[PDB]
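A.B. asks: any chance you can model this:
(2 chains, ligands or ions: 4)
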Amino acid sequence: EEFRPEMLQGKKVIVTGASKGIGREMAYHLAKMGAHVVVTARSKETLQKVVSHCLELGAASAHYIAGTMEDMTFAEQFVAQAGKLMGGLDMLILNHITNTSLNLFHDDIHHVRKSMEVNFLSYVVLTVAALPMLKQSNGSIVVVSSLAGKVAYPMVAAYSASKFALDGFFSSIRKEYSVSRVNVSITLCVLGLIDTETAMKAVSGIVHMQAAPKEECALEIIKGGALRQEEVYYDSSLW
Amino acid sequence: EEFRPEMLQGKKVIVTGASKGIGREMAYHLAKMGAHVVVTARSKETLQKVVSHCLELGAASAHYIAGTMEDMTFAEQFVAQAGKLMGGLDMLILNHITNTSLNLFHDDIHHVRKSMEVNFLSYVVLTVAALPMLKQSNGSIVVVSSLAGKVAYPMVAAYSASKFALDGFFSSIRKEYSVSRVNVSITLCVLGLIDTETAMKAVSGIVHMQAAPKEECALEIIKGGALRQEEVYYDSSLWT
Ligand SMILES: NC(=O)c1ccc[n+]([C@@H]2O[C@H](COP(=O)([O-])OP(=O)(O)OC[C@H]3O[C@@H](n4cnc5c(N)ncnc54)[C@H](OP(=O)(O)O)[C@@H]3O)[C@@H](O)[C@H]2O)c1
Ligand SMILES: NC(=O)c1ccc[n+]([C@@H]2O[C@H](COP(=O)([O-])OP(=O)(O)OC[C@H]3O[C@@H](n4cnc5c(N)ncnc54)[C@H](OP(=O)(O)O)[C@@H]3O)[C@@H](O)[C@H]2O)c1
Ligand SMILES: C1CCc2nnc([C@]34C[C@H]5C[C@H](C[C@H](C5)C3)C4)n2CC1
Ligand SMILES: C1CCc2nnc([C@]34C[C@H]5C[C@H](C[C@H](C5)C3)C4)n2CC1
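C.D. replies: Residues are numbered from 1 along each chain as shown, chains lettered A, B, ... in the order given. Ligands and ions are numbered 1, 2, ... in the order given. Have a look at this structure:
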């Protein structure tokens, strides 16, 4: 089965970490495909500009809700609102991560914990909230992970710990979904370096892997989830 | 080259989740090799019985401290008290896990969180507490993981997630330590099914893998840590 931009046409999609970076690109991509979108992040400010340009790009719905994925109660409640706003859910793109930077690990448990809460725990919380709505549509769950979630790299240990956990968790749930009756697919994205603002600043003179375009990456994620692909790897050509 | 039971002789070792199972087996092995051991777990009474049989087995020191790795403060203070008792640390064997059982995941976020806290966070917290003592001894860290910490399996999703995190974190810290000046080794153990009491009860009649012996396991872990092996795989002869 080939991808067709129409596969997204009209679908009800949720995109977290959408105020910037790859998250925003997907929201615009989803708008250009005429989908319903609910974007979330902390920047109330930036989200509104993203919603508006989403309408201009052709989104069917284009709403936003702001709040921190540090608060599990928000993540839970947000999926309810987003489902109410759209009257259902087809696809849940889990993409937000707490800010991290390249640093040797010394004793920053605080970062290790916050990283695990925002990068891993909240995804499960959002997944638990979205599962019923997703079951009613035979929908899709999209987990945006990193190449550091498959291979441990120095200077990103805590972040790496969180992106592994997603692998362990969502890769098992996928197996349970199989012998259960759950028709919700789970696409895990293993991205290399992507030329987003925050990323490129963070790696500035440390190590160059030839980042790949955030526009093309954002689509390649959307493409995989549409095709119910088990996982997606963006520019392995660069590995 | 080969392991020699003396390599642990006199060494000051910590074993968590040592109140039973593979954790207890490691403490007894360590005493038989005549090392100093400080075991921790929640079971005050059971721990006392383990220290006693360790003295009998020939351990040099053989003490205990009781408490739950749910309280991050305890873990932090535990390594402090444990280092005073032995006057240093040579090897830190992280072995405890929160109770888990075969269950499809539905909405037990509570278990996901407790699993990450006990099976993963406390290990970092303990690792942080011991690094000075371990640097001062060019020591070793042993993280006891599962075949589920490398392959996703149904019914163990929360547990599996926690064991993946251990790999990602310690596998980087190992590489970080490589380019820093840190001579502390990190041994990751990927065990298959091991015939401990709780595991066999928890898997009974559901899963049919060839259980492997806890005595040989507990040793095969220690051998790995003694030789500063990056990781150890126990009875891979049972899976393929
Ligand atoms: N960029 C890469 O090279 C790369 C490589 C591999 C994997 N990835 C993965 O790709 C995803 C995004 O990459 P990126 O370049 O887009 O990062 P990014 O540009 O910094 O985007 C971060 C997003 O996450 C949100 N966010 C941060 N903290 C949040 C919090 N407490 N609560 C809610 N939202 C929060 C941000 O919104 P607010 O600031 O408004 O809170 C922001 O929209 C991530 O899942 C990453 O793991 C990226
Ligand atoms: N058993 C297997 O087949 C298998 C396979 C792969 C990997 N592993 C790993 O091998 C390690 C031990 O395996 P096992 O079968 O021997 O487990 P076990 O027999 O049940 O031993 C559990 C130990 O962990 C401690 N424990 C439980 N909750 C604790 C808590 N909140 N705080 C502190 N300690 C706690 C117990 O002491 P208290 O009850 O007194 O608290 C107990 O001494 C584990 O790290 C496991 O992940 C095991
Ligand atoms: C900001 C944090 C977001 C992020 N997610 N993955 C990465 C990578 C870190 C390094 C270098 C490169 C490939 C791989 C190992 C994954 C990019 N980053 C870095 C940018
Ligand atoms: C009780 C908790 C201890 C534990 N850790 N990993 C396992 C395994 C679960 C299943 C069957 C077998 C191989 C692999 C998949 C890992 C053992 N267990 C047994 C269950």
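A.B. asks: from here on, just use CA atoms for contacts and neighbour counts.
C.D. replies: Fine.
A.B. asks: show me the helices in chain A, by range?
C.D. replies: Assigned by DSSP state H, the helices in chain A fall at A:21-32, A:44-57, A:72-86, A:109-116, A:122-135, A:157-179, A:197-202, A:214-226.
A.B. asks: quick one: closest of the ones you listed to chain B.
C.D. replies: Each of those has some distance to chain B by Cα to the nearest Cα; the shortest is helix A:157-179, at 4.2 Å.
A.B. asks: quick one: that closest one near ligand 4?
C.D. replies: No - Helix A:157-179 is not in contact with ligand 4 by Cα under 6 Å from any ligand atom; minimum separation 10.8 Å.
A.B. asks: now for residue A:145: which residues touch it?
C.D. replies: Taking Cα atoms under 8 Å, 6 or more residues apart in numbering or on different chains as the criterion, residue A:145 is in contact with A:95, A:163, A:166, A:188-191.
A.B. asks: is it true that residue A:38 touches residue A:60?
C.D. replies: No - counting by Cα atoms under 8 Å, residue A:60 is not a contact partner of residue A:38; they are 10.7 Å apart.
A.B. asks: more crowded one of these two?
C.D. replies: A count of neighbours by other Cα atoms under 10 Å in any protein chain shown puts residue A:38 above the other of residue A:38 and residue A:60, at 27 against 21.
A.B. asks: bridged to the more buried one, which residues?
C.D. replies: residue A:14, residue A:63 (DSSP bridges).
A.B. asks: state the distance from the residue lying closest to residue A:124 once chain neighbours are set aside to ligand 2.
C.D. replies: Residue nearest to residue A:124 in three dimensions, not counting chain neighbours: residue B:109, with 7.4 Å by Cα to Cα, 6 or more residues apart in numbering or on different chains. Counting by Cα to the nearest ligand atom, to the nearest Å, the gap from residue B:109 to ligand 2 is 17 Å.
A.B. asks: count the neighbours of residue A:181 for me.
C.D. replies: Neighbour tally, residue A:181, other Cα under 10 Å: 9.
A.B. asks: look up phi and psi at it.
C.D. replies: Dihedral pair for residue A:181: phi -110, psi 20, per degrees, to the nearest 10.
A.B. asks: in chain A, what residue lies closest to ligand 4?
C.D. replies: Nearest residue of chain A to ligand 4 (Cα to the nearest ligand atom) works out as residue A:172 at 10.8 Å.
A.B. asks: what residues are up against that residue?
C.D. replies: B:152-157, B:160.
A.B. asks: repeat that for residue A:119.
C.D. replies: Contacts for residue A:119 (Cα under 8 Å, 6+ apart) come out as A:96-98, A:159, A:162-163.
A.B. asks: distance-wise, check residue A:133 relative to ligand 1.
C.D. replies: Note on residue A:133: its distance to ligand 1, by Cα to the nearest ligand atom, is 22 Å.
A.B. asks: isn't residue A:123 right up against residue A:96?
C.D. replies: No - Residue A:123 is beyond contact range of residue A:96, at 9.0 Å (criterion: Cα under 8 Å).
A.B. asks: contacts for stretch A:99-107, please.
C.D. replies: A:154-159, A:202-203, B:128, B:173, B:176.
A.B. asks: ok, and for that stretch, which residues are buried?
C.D. replies: Neighbour-count burial for stretch A:99-107, counted by 16 or more other Cα atoms under 10 Å in any protein chain shown, picks out A:104-105.
A.B. asks: for the spatially most central residue of chain A, give me phi and psi.
C.D. replies: Residue closest to the mean C-alpha point of chain A, counted by Cα atoms, centre = their mean, is residue A:95 at 1.9 Å. The phi and psi torsions at residue A:95 (degrees, to the nearest 10) take the values phi -130, psi -20.
A.B. asks: what sits against residue A:134?
C.D. replies: By Cα under 8 Å, 6+ apart, the residues touching residue A:134 are A:88-91, A:140, A:184.
A.B. asks: try 7 Å
C.D. replies: A:89-90, A:140, A:184 (Cα atoms under 7 Å, 6 or more residues apart in numbering or on different chains).
A.B. asks: around ligand 3, pick out the residues from chain A.
C.D. replies: For chain A, the contact set with ligand 3 under Cα under 6 Å from any ligand atom comprises A:146-148, A:153, A:192-193, A:199, A:202.
A.B. asks: buried subset of these, written for ChimeraX?
C.D. replies: This is how ChimeraX selects the buried members of the residues of chain A next to ligand 3, with burial counted by 16+ other Cα under 10 Å:
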select /A:146,147,148,153,192,193,199
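A.B. asks: can you list the residues that contact stretch A:75-85?
C.D. replies: Stretch A:75-85 is contacted from outside by A:38, A:69, A:89, A:122, A:125-126, A:129-130, using Cα under 7 Å, 6+ apart.
A.B. asks: just among these, which is most surrounded?
C.D. replies: Counting by other Cα under 10 Å, residue A:89 has the largest number of neighbours within the contacts of stretch A:75-85, with 30 neighbours.
A.B. asks: wait, that one sits on residue A:132?
C.D. replies: No - Residue A:89 lies out of contact with residue A:132 (Cα atoms under 7 Å); the separation is 9.3 Å.
A.B. asks: tell me who's in contact with residue A:154.
C.D. replies: For residue A:154, the contacting residues are B:172-173, B:175-176, by Cα under 7 Å, 6+ apart.
A.B. asks: returning to what we had before: top of the contacts of residue A:145 by neighbour count?
C.D. replies: Of these, with other Cα under 10 Å as the count, residue A:163 tops at 31 neighbours.
A.B. asks: would you confirm that it contacts residue A:147?
C.D. replies: No - assessed by Cα under 7 Å, residue A:163 is found out of contact with residue A:147, at 8.8 Å.
A.B. asks: roughly how far does residue A:43 sit from chain B?
C.D. replies: According to Cα to the nearest Cα, to the nearest Å, residue A:43 and chain B sit 27 Å apart.
A.B. asks: repeat that for residue A:100.
C.D. replies: The gap separating residue A:100 from chain B is 14 Å, by Cα to the nearest Cα.
A.B. asks: now residue A:211
C.D. replies: 21 Å.
A.B. asks: contact partners for that residue?
C.D. replies: A:193-195.
A.B. asks: contact partners for the residue nearest to the centre of chain A?
C.D. replies: So residue A:95 contacts A:16-17, A:23, A:143-144 (Cα under 7 Å, 6+ apart).
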